[PDB]
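Presented below is the structure to which this report refers.
All Cβ positions, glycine included, derive from the backbone under ideal geometry; neighbour counts span all protein chains shown. Every read-out reported here was derived from the displayed coordinates using simple, explicitly stated rules and does not represent laboratory data.
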Amino acid sequence: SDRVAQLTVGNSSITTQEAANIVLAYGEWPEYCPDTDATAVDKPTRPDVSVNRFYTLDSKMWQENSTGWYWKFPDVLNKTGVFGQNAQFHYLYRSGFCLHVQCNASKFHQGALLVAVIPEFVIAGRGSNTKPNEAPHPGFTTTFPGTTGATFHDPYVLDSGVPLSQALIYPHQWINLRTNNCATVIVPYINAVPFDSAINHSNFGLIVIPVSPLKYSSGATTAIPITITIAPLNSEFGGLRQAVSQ
Amino acid sequence: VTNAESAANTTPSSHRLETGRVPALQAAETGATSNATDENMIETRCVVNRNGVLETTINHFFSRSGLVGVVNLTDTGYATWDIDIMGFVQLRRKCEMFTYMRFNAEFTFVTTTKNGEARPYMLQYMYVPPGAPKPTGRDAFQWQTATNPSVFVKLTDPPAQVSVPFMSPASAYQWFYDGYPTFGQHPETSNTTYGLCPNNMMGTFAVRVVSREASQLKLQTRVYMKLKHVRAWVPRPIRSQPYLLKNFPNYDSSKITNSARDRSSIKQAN
Amino acid sequence: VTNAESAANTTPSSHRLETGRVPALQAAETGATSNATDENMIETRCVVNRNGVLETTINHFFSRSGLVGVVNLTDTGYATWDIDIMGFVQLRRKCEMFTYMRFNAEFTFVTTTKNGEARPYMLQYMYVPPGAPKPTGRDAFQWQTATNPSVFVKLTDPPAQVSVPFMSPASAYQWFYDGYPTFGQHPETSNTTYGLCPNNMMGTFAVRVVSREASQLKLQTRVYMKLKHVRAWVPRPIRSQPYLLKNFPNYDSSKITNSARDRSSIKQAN
Amino acid sequence: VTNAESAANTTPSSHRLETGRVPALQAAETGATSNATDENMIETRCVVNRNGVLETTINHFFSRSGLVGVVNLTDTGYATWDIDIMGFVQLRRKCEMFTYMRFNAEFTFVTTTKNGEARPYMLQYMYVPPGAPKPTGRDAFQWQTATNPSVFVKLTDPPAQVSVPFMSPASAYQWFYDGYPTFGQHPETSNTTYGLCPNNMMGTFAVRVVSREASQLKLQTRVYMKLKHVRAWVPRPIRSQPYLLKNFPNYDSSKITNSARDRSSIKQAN
Amino acid sequence: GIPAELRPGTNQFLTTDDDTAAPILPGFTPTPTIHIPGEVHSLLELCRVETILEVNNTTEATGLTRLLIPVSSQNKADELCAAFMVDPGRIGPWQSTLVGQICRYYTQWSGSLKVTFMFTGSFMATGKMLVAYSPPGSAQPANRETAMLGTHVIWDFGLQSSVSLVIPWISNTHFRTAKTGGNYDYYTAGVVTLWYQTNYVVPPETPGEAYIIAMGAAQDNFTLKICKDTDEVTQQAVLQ
Amino acid sequence: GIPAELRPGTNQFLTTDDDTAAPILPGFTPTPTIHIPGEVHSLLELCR
Amino acid sequence: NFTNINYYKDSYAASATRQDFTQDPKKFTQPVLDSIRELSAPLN
Amino acid sequence: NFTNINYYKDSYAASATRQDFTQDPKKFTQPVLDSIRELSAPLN
Amino acid sequence: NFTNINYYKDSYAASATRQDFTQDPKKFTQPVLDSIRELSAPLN
Ligand SMILES: CCCCCCCCCCCCC/C=C/[C@H](O)[C@H](N)CO
Ligand SMILES: CCCCCCCCCCCCC/C=C/[C@H](O)[C@H](N)CO
Ligand SMILES: CCCCCCCCCCCCC/C=C/[C@H](O)[C@H](N)CO
């Protein structure tokens, strides 16, 4: 009554037979914007069916000597589905998300993963250069990876000068290959403004760093994938105009 | 929500000899901190704790003055300083402990001389908001300050001190901004505008010596900022790597400093 | 007459499909501003506005100090200044935004030296009303100030500051006067007295160094005026042309500066 | 427990002629002070005493300022002083009259020059708690005092004065500690750690001249401490031997000073 | 004019002073607040979260295998796995956690600690451990019979893959200075050791090498006194 | 600003003065007291 | 102890206002949905 | 917030008195004689 | 005589508080167990 679960959101469902919990980020639920905190005058739109559903990304192979991956959360979904059309035609965007990262393995594989959300996960440019105009900066396909993700170069500092050891102050879970196979986080809309564009600003970002690397014996399955499914809970848009890709 | 001072006291406990009640076996795979306390593991006594925790709020932790910037005036005639408190690594790390912060401020101006003294001259401090014209000379018309707030103080006076409100267009100051300020084709080589929040640009701080001819002194005014009425949101880990730039969280690829000093073996506590 | 703070909030609105009710078609030929609001044109939501408009009154807009005049004292021994605030174009334009103004004042006296310093000398500021004899020397009998208000202050003191009431014979100060002060045959060539309101001549402001011999310093005292308890009437457009004279609204016939900068075409917003 | 001011008055008494009632024969072998009073020995009169004893409490006896330490600054650039009040034998003996003391403090800083004057320079006093890094230069980063309490005062100002609370980890300050701070093999020759209470180490007091170049003056700042809200326990005899060391009660084996001056004979009062 | 004398403390700028100041902007109202999730009110909310310790901070550990305690199968009984000091204001494993970076801003701490061990290994690998805390006194124990004389816990790798050893507040003084070394070994807290209680038993066709992830946090009665500045941040020149 | 003149005795440091002082540590509570036997309250207890 | 007293109309120029001891550690330490007891196994 | 306090008999030496939010925009925006509705044609 | 007035939240920065005339000389002068009278022989 605690390990089996089903998460029906829209016309999509997620079944699992061994999980641990569902961490609720900062103990709060994704809500609609109240009339007190709102500042825009135009009426917002609410599809409520076509955008609040589980979108599944491509799978990431988990090699033995892997470093990690990271995705921006309002940016992985801009070309896929009706959510990308809504977040390309409109100008303002407010929604929470509902994470789920699956990584199944047999009872003879060992390893663990740390999955977490990092609000305002700013990517740092690597290189010793204390000169404003000569310093290195990350490219556009590194700050905003897209739907194909991006790998870490130094997962020990989260590619931002911040220790991974104390990265447990974030809403997170573990995927221990002996206990569970799925980590899920229900994150609300965290921002300093009530509404914000979904093309220039990426609210937060998932990180999956493989601590205690994958180990197995000969004869077992080598290809161990990693699949993540997102659900934009309580999406609402505003400021309809011409569609802009990026 | 509980509101109390001191510290949670302990209660008397005895030994437990039964099955099914296991307070020690936790499960960290759920992303929750363990809730096992003193009384359930070991036999304990009763104590009444009086160790006040008033000094651990985020309003007593930040309400302490601290150097934010230094302004060298040669006497070009004047000197400017773009207001950004992320220039000295002492008050930058405490503010970067958090993601969003909403607070009032209180700046203190301490001006000295080259060798260190206080000659009875006069100084004008002028705050230039975003959009107001910066002064182009020591006897320009911008110094008429018909609307800009200015302070006229001497070197032989106590250090000047003003109070500054929350002057941001957003609802809070964010130090980390995961995005670009504008639309368009962003480059792959030199993203010189990534992680630049426009809600934190507060203007320019100018200073001149009120005179007609040129005074032959090289001054140096230090700005000491203190935070008050501070609210904080979304805590985040404290930085361990040395700072390189001022507006960017750049670190060094090689020679990454470990977050714990080395010892001989893993089976030797000392 | 309505009295409220914040800002008028909006109300929810739906679409209208009917004839005879047209809120968008106005008629500017009646000299009245259009009264169409947000709700009637587009479908809107409900918001509660809290954006305070306290900072937009004519009493917070004028209650800011500002340079009105400068008085150069060579030490003739003394120096005079006919009180007229229309000499610097920063505080002149805000006051010429209106036609009639009734207010109290608060003058601040900031005196410096040639190179800029404050030597411990003594200064006497004396106000000479219209009709009182102006001083003719640095050791004359007019400085005995048996009835004129005077201020004795040093250079090493804080800047002096006094409060001045509404001292006009009319009911308000008018900046624009469409007439002549006297009767008679007015000339066609040089009307050197047109637009000269006699209700604004307030007197002369004199300053000397209190001594017996001559002090070898060239001072410079700046008068900073601040308005308070201000009432305004009959608003009028703000001036766009550069100022030429002090008591006259003269402009330049040739090279008239347009009130909007040029662009390429009329079909290109940028 | 009795609480009263003035002094216990006497009562009238007459002669006693009886057996068995002997108030004069005491017995000092019981370790108790004799309780015989005036009235029982001699015939006395009645008096009402009004000689107030308010000036004999341990709170009026210690609430008097007194030199605790002197700090010589040459301008190394800076100067430090480990806080320990047992360096001058005037306030050390009154505090060593008692074993345990719990009190607040109030330090006063009096800084002079070599020949004795007060040049208008600036001084920074910084308190370094145990564990905080001591400054290594006159322009180091420790002087940024983002958390350490600091005082910026001039030489031409009144002497600085701050209030300090009870900052000990134990419940009271003990001056005499009959033990060692650590475990292990203690030596027989040089016990350089006997009688060293770790609950009295309060940190380091640093002082610098706030400047950039080097100021050519030799200063000397005297620290005047005053006790207040003082509680005392376990009184002990006052020292009669001259002091030799600072943290140790060492005396001289030879030439022991007698606690009473010599006279000719034992049968000659004068 | 009312008579008024000036006292010592005039014209001084105390850094940690609570006083008013003249406002630059008269009649100002800031931007209205909104509801941002995750508001902090005290620093005692950040100390009660588990955070991986760097118990493997020895040399020859490369970049990320410094957070892992290697476990394998032994040949002699009563073996030892790892050991580390308890002092959070000390250089070592507690330097990499979140409570040991907040207790470094303050020069005093008090209350109980908490260390949580999570076992990342195969599902078929059983075993038992004896993690034992020892108050001050002699050095680190050499035998398991000496280590079991303190306050130990017997944790066995089962379905629940995490145990928590609470470190009780056993001290003489009410508080402890977060600066040990020298004459400050009077404020030491003790040694936490982890022992190979029975063995690490593994079936065939399964790796015989696993890892334990140690985490650390504060307790309900944790408190701190007297703020200071940390020793980490070093700055030569201004960040231009 | 309220008018106020300065009197003799300004800027002097009297040793036996009873006055307040600015506290260096804001929001501080000391170590709790315990019961230590033999508390003195006056110096007239040591003279008897 | 009169300290809260202000001397201007602007409220942001006052001292440190009322010290409220608000503390909700249940949102950083136990954010899971299903409330877990502390005397039972987390995963039944 | 004591600020209105004066210290002389002359009332013109005080601070900025009571802030009244008086506002009559109907004399600059709609000064016509015949009151026009906003949901009808101005000139019938 | 207003002197006790403080001006901060910290109570250790005030003046010399209430002067209590507490005095128990019976613990230094007569600490013996058996209470001895002053009009009789100490050792009967
Ligand atoms: C001349 C006297 C008045 C001086 C006014 C200076 C204060 C105006 C700037 C407000 C400062 C707000 C605090 C810092 C704001 C942002 O966080 C910084 N830009 C950080 O980058
Ligand atoms: C020496 C100390 C007292 C100085 C008194 C100077 C103030 C007396 C003049 C009153 C000024 C009223 C404000 C300006 C009046 C008219 O509008 C100007 N003439 C404008 O042309
Ligand atoms: C720079 C301004 C603040 C200066 C702070 C200095 C006071 C901090 C030290 C507290 C002194 C407590 C009284 C003396 C304590 C112990 O008894 C001494 N170590 C005696 O050896």
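Looking at (1) at the interface with another protein chain (Cβ under 9 Å from one of its Cβ atoms); (2) touching a strand residue (DSSP E or B) at 6+ places or on another chain (Cβ under 7 Å), can you tell me which one E:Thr126 breaks?
Only one criterion in (1) at the interface with another protein chain (Cβ under 9 Å from one of its Cβ atoms); (2) touching a strand residue (DSSP E or B) at 6+ places or on another chain (Cβ under 7 Å) is unmet by E:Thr126, namely (1).
Within the stretch E:174-227, track down each residue that is within 14 Å of chain D (Cβ to nearest Cβ), within 18 Å of E:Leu98 (Cα to Cα) and assigned to a strand (DSSP E or B).
E:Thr223, E:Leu224, E:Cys227
Pull up the stretch B:1-17, narrow it to residues that are of a type in the set (A, V, I, L, M, F, W, C) and surrounded by 10 or more Cβ atoms within 10 Å (Cβ to Cβ), then point me to the one that is farthest from the chain's Cα centre (by Cα). Write out each step before concluding.
Here is the first cut: in the stretch B:1-17, the ones of a type in the set (A, V, I, L, M, F, W, C) are B:1, B:4, B:7-8, B:17.
With surrounded by 10 or more Cβ atoms within 10 Å (Cβ to Cβ) added as a condition, the list becomes B:7-8.
Details: B:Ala7: 28, B:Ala8: 31 Å.
Looking at residues that are of a type in the set (A, V, I, L, M, F, W, C) and surrounded by 10 or more Cβ atoms within 10 Å (Cβ to Cβ), I get B:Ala8.
Which pairs turn up if I take residues in the stretch C:161-173 that are away from every other protein chain (no Cβ under 11 Å) and look for partners that are more than 7 Å from ligand 2 (Cβ to nearest atom) with beta carbon separation below 6 Å, at least 6 apart in sequence or on another chain?
Pairs that qualify, where the first residue is away from every other protein chain (no Cβ under 11 Å) and the partner is more than 7 Å from ligand 2 (Cβ to nearest atom), are C:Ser168/C:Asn199; C:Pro169/C:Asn199; C:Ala170/C:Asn199; C:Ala172/C:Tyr100; C:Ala172/C:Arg102; C:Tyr173/C:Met101.
What number of residues within the stretch B:147-164 are near ligand 1 (Cβ under 8 Å from one of its atoms) and among the hydrophobic types (A, V, I, L, M, F, W, C)?
Of all residues in the stretch B:147-164, those near ligand 1 (Cβ under 8 Å from one of its atoms) come to B:149-151, B:160, B:162, B:164.
Pick out the ones that are also among the hydrophobic types (A, V, I, L, M, F, W, C) and you get B:151, B:160, B:162, B:164.
Number satisfying all stated conditions: 4.
Which residues, counting only those in the stretch C:61-87, are closer than 30 Å to C:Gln142 by Cα and among the hydrophobic types (A, V, I, L, M, F, W, C)?
Within the stretch C:61-87, C:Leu67, C:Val68, C:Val70, C:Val71, C:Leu73, C:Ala79, C:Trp81, C:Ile83, C:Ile85, C:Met86 qualify.
Of all residues in the stretch E:186-222, which are acidic (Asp, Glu) and either buried (at least 24 other Cβ atoms within 10 Å of the Cβ) or more than 28 Å from the chain's Cα centre (by Cα) (or both)?
As a first pass, look at the stretch E:186-222 and keep what is acidic (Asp, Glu): E:205, E:209, E:220.
Correct list: E:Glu205 only.
Quickly run through the stretch B:158-189 and pick out the residues that are of a type in the set (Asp, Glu) and touching a strand residue (DSSP E or B) at 6+ places or on another chain (Cβ under 8 Å). Spell out the reasoning first.
First, the residues of the stretch B:158-189 that are of a type in the set (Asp, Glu): B:178, B:188.
Result: B:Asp178, single match.
Suppose the filter is out of contact with any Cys (no Cβ under 8 Å at 6 or more places or on another chain), within 14 Å of chain B (Cβ to nearest Cβ) and either closer than 18 Å to C:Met225 by Cβ or more than 16 Å from ligand 1 (Cβ to nearest atom) (or both); does C:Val110 pass it? First the steps, then the outcome.
Working: out of contact with any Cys (no Cβ under 8 Å at 6 or more places or on another chain): yes; within 14 Å of chain B (Cβ to nearest Cβ): yes; either closer than 18 Å to C:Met225 by Cβ or more than 16 Å from ligand 1 (Cβ to nearest atom) (or both): yes.
In short, yes.
Under 7 Å between Cβ atoms, which residue pairs at least 6 apart in sequence (or on different chains) link something in the stretch D:133-151 that is within 14 Å of chain F (Cβ to nearest Cβ) with a partner that is outside any loop (DSSP other than H, G, I, E, B) and among the aliphatic types (A, V, I, L, M)?
These pairs meet every condition: D:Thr145/D:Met126; D:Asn148/D:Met126; D:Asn148/D:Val128; D:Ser150/D:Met126; D:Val151/D:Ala160; D:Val151/D:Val162.
Which one of E:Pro3, E:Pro30 is within 14 Å of chain F (Cβ to nearest Cβ) and surrounded by fewer than 22 Cβ atoms within 10 Å (Cβ to Cβ)? Spell out the reasoning first.
Working: E:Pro30 fails: within 14 Å of chain F (Cβ to nearest Cβ).
From the options E:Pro3, E:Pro30, the qualifying one is E:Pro3.
Of all residues in the stretch B:62-115, which are touching a helix residue (DSSP H, G or I) at 6+ places or on another chain (Cβ under 8 Å) and among the β-branched types (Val, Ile, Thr)?
Keep residues of the stretch B:62-115 that are touching a helix residue (DSSP H, G or I) at 6+ places or on another chain (Cβ under 8 Å), which gives B:62, B:66-68, B:84-86, B:88, B:90, B:101, B:104.
Matches in the stretch B:62-115: B:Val68, B:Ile85.
If I filter the stretch E:187-200 for residues that are within 30 Å of B:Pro242 (Cα to Cα) and of a type in the set (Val, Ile, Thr), do I get at least one hit?
Within the stretch E:187-200 (the criterion being within 30 Å of B:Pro242 (Cα to Cα) and of a type in the set (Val, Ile, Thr)), the answer is yes, since at least one residue qualifies.
Can you name the residue in the stretch A:49-66 that is of a type in the set (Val, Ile, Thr) and surrounded by fewer than 17 Cβ atoms within 10 Å (Cβ to Cβ) and is also farthest from A:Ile207 (Cα to Cα) among such residues? Outline the logic, then answer.
Of the residues in the stretch A:49-66, the ones of a type in the set (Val, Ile, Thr) are A:49, A:51, A:56.
Cutting the leftovers down to surrounded by fewer than 17 Cβ atoms within 10 Å (Cβ to Cβ) gives us A:49, A:56.
Working: A:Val49: 28, A:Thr56: 16 Å.
In this case the residue turns out to be A:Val49.
Does the stretch C:251-260 include one or more residues that are surrounded by 11 or more Cβ atoms within 10 Å (Cβ to Cβ) and closer than 22 Å to C:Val70 by Cα?
Within the stretch C:251-260, not a single residue is surrounded by 11 or more Cβ atoms within 10 Å (Cβ to Cβ) and closer than 22 Å to C:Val70 by Cα.
Can you pull out every residue in the stretch C:115-149 that is surrounded by 16 or more Cβ atoms within 10 Å (Cβ to Cβ) and either touching a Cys at 6+ places or on another chain (Cβ under 6 Å) or of a type in the set (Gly, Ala, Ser) (or both)?
Answer for the stretch C:115-149, where residues must be surrounded by 16 or more Cβ atoms within 10 Å (Cβ to Cβ) and either touching a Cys at 6+ places or on another chain (Cβ under 6 Å) or of a type in the set (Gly, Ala, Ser) (or both): C:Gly116, C:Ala118.
Can you pull out the residues in the stretch E:83-110 that are surrounded by fewer than 24 Cβ atoms within 10 Å (Cβ to Cβ) and at the interface with chain B (Cβ under 7 Å from one of its Cβ atoms)?
E:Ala83, E:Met85, E:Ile91, E:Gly92, E:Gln95, E:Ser110
Kindly indicate whether B:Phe205 is buried (at least 19 other Cβ atoms within 10 Å of the Cβ) and away from chain A (no Cβ under 14 Å). Talk me through it step by step, then tell me what you get.
Values: buried (at least 19 other Cβ atoms within 10 Å of the Cβ): yes; away from chain A (no Cβ under 14 Å): yes.
It is true that B:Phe205 is buried (at least 19 other Cβ atoms within 10 Å of the Cβ) and away from chain A (no Cβ under 14 Å).
Please work out which residue is farthest from ligand 1 (Cβ to nearest atom), limiting yourself to the stretch C:54-99 and to residues that are outside any loop (DSSP other than H, G, I, E, B) and facing another protein chain (nearest Cβ under 9 Å).
Start the filter on the stretch C:54-99 by keeping residues that are outside any loop (DSSP other than H, G, I, E, B), which leaves C:54-56, C:66-73, C:78-82, C:89-95, C:98-99.
From what's left, facing another protein chain (nearest Cβ under 9 Å): C:54-55, C:66-67, C:89-91, C:94.
Details: C:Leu54: 20, C:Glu55: 17, C:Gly66: 16, C:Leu67: 17, C:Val89: 24, C:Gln90: 18, C:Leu91: 20, C:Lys94: 22 Å.
Residue satisfying both the conditions and the ranking: C:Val89.
Among the residues of the stretch D:89-114 satisfying the criterion of being under 19 Å from D:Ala214 (Cα atoms) and surrounded by fewer than 16 Cβ atoms within 10 Å (Cβ to Cβ), which is nearest to ligand 3 (Cβ to nearest atom)?
Step one: list which residues in the stretch D:89-114 are under 19 Å from D:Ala214 (Cα atoms), which gives D:111-114.
Still in the list and also surrounded by fewer than 16 Cβ atoms within 10 Å (Cβ to Cβ): D:112-114.
On the way: D:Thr112: 18, D:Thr113: 20, D:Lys114: 23 Å.
Taking the candidates together, the pick is D:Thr112.
Looking at the structure I just gave you, is A:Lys72 surrounded by fewer than 21 Cβ atoms within 10 Å (Cβ to Cβ) and of a type in the set (D, E, K, R)? Let's see the steps before the verdict.
On the way: surrounded by fewer than 21 Cβ atoms within 10 Å (Cβ to Cβ): no; of a type in the set (D, E, K, R): yes.
In short, no.
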